[PDB]
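Protein chains in written order, with the numbering used here: chain A, 1 to 304; chain B, 1001 to 1304.
We treat Cβ as the ideally placed atom computed from N, Cα and C, and that holds for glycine.
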Ligand SMILES: *CCC(=O)N(c1ccc(C(C)C)nc1)[C@@H](C(=O)Nc1c(C)cccc1CC)c1cccnc1
Ligand SMILES: *CCC(=O)N(c1ccc(C(C)C)nc1)[C@@H](C(=O)Nc1c(C)cccc1CC)c1cccnc1
């Protein structure tokens, strides 16, 4: 028992991290097969961040201007192209450590692990979620650009995020591995405010199920509610609307605990209205929303 | 910016996880050089957990009774010995993935990463701390035994914990890699209650420093205190006593922020006395104590 914010083991991704330098800028790249993926803003200078014309900046760059280093050894760049906001640098050597992989574009509320890197070297791994406003609350310093988000299904790594920037409010924005930003963000040093960071309701309910499985049951009440009644409360507290799809996804947790989804919604409703009164759930004094129903089942069953 | 509960990248440890089976029991082992380390309770049957005599149980076991599997391949066991509560199984093949490593016995309040494994396969990585009562609040299911705790200094993994058991209260107990339990726990299915889980004061202060660096400064007050005055409040709230050694360890964070350690103690004192009034610090509604001063500096500087 016990419930932790668990990240996937990072070994398979560690074997893909490289350093990419273009002129004076150094960031992280992701080496899969004979292609190194990195944020296109690696080509930007200091007086470029304000309003960069990436196509024009890219014309002044040749294959030899992209320095790619994997460990202590240099990779030879034989081609380069820009796909949306990422650069794809073709190298002459396929990464011998390339795992089975997919590129996936995740939906808000979905979770993933991040391997934070600097100079192509991994420094840490943490679990986070794509917020409903398409930002991520990460831990990224200058040089972390190019660090990636991923999920693992047995031996297949599904890459879903590449870090590009920090917004003026300290939250993070990035792309999928096709270079498309999550949300309306642009790779430009300009005024970009994030929308309402609403709570991921289905994730909170999954975590309330995790709490019941692990013995924290004080919040369980004698009430029930309806999807419409619950949603009126959820809107009031800036919680995402709960749909019948969410109820369906929570089915296995409802079945394991014998607590119907709508009864758990009524427990959640009373926690929103009354607060926690100085009590804790799974060692937290607030309602946790960065565990999906899939994560709760996976961690509670020990999927390797 | 941003501050996350970050674990070390787990790749180096993933390459050391093996499955150990003795009779009908399967748990995790740690393969370093030509030795596989695992909890000695792998030799216990069902009617043994109550009061096992490990030396007597071990006499009935030969090298061929310990099945060690690394991936899909079997390791040949050429020797076995018991060192305290761990078994050391000598194999005929040195692990080709053995990283530079040390075995260290950590002190309470120190943090480490855990690679939770089942059947010798890694399923997740999380960061935790050795509690002042020598338990760990982990996420371990049946079969997780043998999963290990570690810290990494550039390329050297310092193994500090091996999981052995869950206490009747859902908290976890284990040994260092020499087989010595942390705390007074024994590898026996018997009444073992944990002591007071006090808060790691130096860690809370480090995390308050992390908050100030990341912009969360609302809790900073106009007060100061003394070590003795602060400690009277800390005892009242089951916080560990703060020593001059702790003040010294917080020196770099005090210097970076310009906030003297005793002023941060006075802020912490007011948070203990007044509570958070529904506010949050670094996304938490309670005072976090599983980041050491070293972790705060490392995460805030990006040590790879
Ligand atoms: C890897 C590059 C980097 O660290 N950062 C960066 C710098 C420039 C650009 C574009 C050319 C605009 N993108 C990323 C920063 C970063 O995003 N800095 C930043 C902050 C902190 C706030 C507002 C705007 C900007 C852009 C200059 C970085 C720093 C910390 C974490 N992630 C990224
Ligand atoms: C790897 C073995 C295992 O999963 N567990 C176990 C079983 C037996 C023994 C000894 C022979 C006594 N040690 C460990 C359990 C475990 O500790 N079970 C347990 C619990 C949950 C509560 C009170 C006592 C015991 C011992 C039987 C395990 C389960 C979950 C997490 N860690 C370990």
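- Shown here for residue 1101 of chain B: same chain residues with a beta carbon closer than 8 Å to its own, the five before and five after excluded, namely 1032, 1156, 1157, 1158 and 1159 in chain order.
- For residue 1246 of chain B, the closest alpha carbon among the candidates B:1268, B:1221, B:1258 and B:1292 is that of B:1292.
- As summarised for the segment 1013-1050 of chain B, the continuous beta strand (DSSP E) elements at least 3 residues long and confined to that stretch are 1017-1022, 1025-1032 and 1035-1039, given in chain order.
- Residue 166 of chain A has a beta carbon lying within less than 8 Å of a beta carbon in chain B.
- Taking a cut-off of 8 Å on C-beta distances, the segment 1135-1151 of chain B touches the segment 1171-1178 of chain B, as three or more cross pairs fall below it.
- Short of 7 Å from the beta carbon of residue 194 of chain A, and not among the five residues preceding or following it, lie these beta carbons of its own chain, in chain order: 133, 135, 167, 169 and 171.
- With a threshold of 8 Å between beta carbons, residue 161 of chain A makes no contact with chain B.
- Assigned with DSSP and collapsed to three states, residue 1151 of chain B falls in strand.
- Residue B:1049 holds the alpha-carbon nearest to the alpha-carbon of residue 1165 of chain B among B:1094, B:1125 and B:1049.
- For residue 217 of chain A, the closest C-alpha among the options A:201, A:257, A:228 and A:237 is that of A:257.
- Taking a Cβ-Cβ cut-off of 7 Å, residue 1264 of chain B has no neighbours in chain A, whose nearest Cβ is about 21 Å from it.
- Between ligand 2 and residue 1121 of chain B, a heavy atom-to-CB distance of less than 7 Å is absent.
- Distances between the C-beta of residue 1166 of chain B and the heavy atoms of ligand 2 include at least one below 7 Å.
- Proximity of chain A to residue 1304 of chain B at the Cβ level (cut-off 8 Å) is accounted for by 117, 118, 119, 121, 122 and 123, in chain order.
- The closest CA to that of residue 1095 of chain B, considering only B:1084, B:1069, B:1235 and B:1080, is found on B:1069.
- For the segment 1172-1201 of chain B, the set of positions with a beta-carbon nearer than 8 Å to some beta-carbon of chain A reads 1172 in chain order.
- As for any beta strand (DSSP E) of minimum length 3 sitting wholly inside the segment 64-90 of chain A, the runs are 66-70, 73-75 and 77-83, ordered along the chain.
- The segment 16-26 of chain A and the segment 1184-1200 of chain B do not touch, with fewer than three beta-carbon pairs separated by less than 8 Å.
- Counting the other CB atoms within 10 Å of its CB gives residue 1264 of chain B a total of 16 or more, which places it among the buried residues.
- For residue 178 of chain A, there is no enclosing beta strand (DSSP E), since its DSSP letter is neither H nor E.
- Close to residue 9 of chain A, with beta-carbon spacing below 8 Å, are these residues of chain B in chain order: 1010, 1011, 1014, 1115, 1122, 1123, 1124 and 1125.
- Apart from the 5 residues on each side of it in sequence, residue 1057 of chain B sits with its Cβ closer than 6 Å to the Cβ of 1043 in its chain, given in chain order.
- Taking CB atoms only, residue 103 of chain A has no neighbour in chain B less than 8 Å away.
- Under the three-state reduction of DSSP output, residue 124 of chain A falls in the strand class.
- If the five residues before and after residue 1252 of chain B are omitted, its C-beta is found closer than 8 Å to the C-beta atoms of 1293 and 1297, all from its own chain and listed in chain order.
- Taking a cut-off of 8 Å for Cβ pairs, the segment 1268-1275 of chain B and the segment 1219-1228 of chain B touch, as three or more such pairs fall below it.
- For residue 141 of chain A, the CB falls within less than 7 Å of some heavy atom of ligand 1.
- Per DSSP, the continuous beta strand (DSSP E) segment holding residue 1115 of chain B begins and ends at 1111-1118.
- For the pair residue 117 of chain A and residue 1152 of chain B, the Cα-to-Cα distance works out to about 15 Å.
- Taken in chain order, the members of the segment 276-288 of chain A whose beta-carbon sits within less than 9 Å of a beta-carbon on chain B are 276, 278, 280, 283, 284, 285 and 286.
- If you look at residue 1165 of chain B, you'll find it in the beta strand (DSSP E) that goes 1156-1166.
- Within the same chain, 1022 and 1023 come within 8 Å of residue 1065 of chain B by CB-CB distance, once the 5 residues on both sides are set aside.
- Ranking A:142, A:204 and A:84 by CA distance to the CA of residue 1002 of chain B puts A:142 first.
- Residue 129 of chain A has A:111 as its beta-bridge partners, per DSSP.
- Boundaries of the beta strand (DSSP E) harbouring residue 103 of chain A: 100-103, taken from the DSSP string.
- Going by C-alpha positions, residue 1060 of chain B is about 10 Å away from residue 1054 of chain B.
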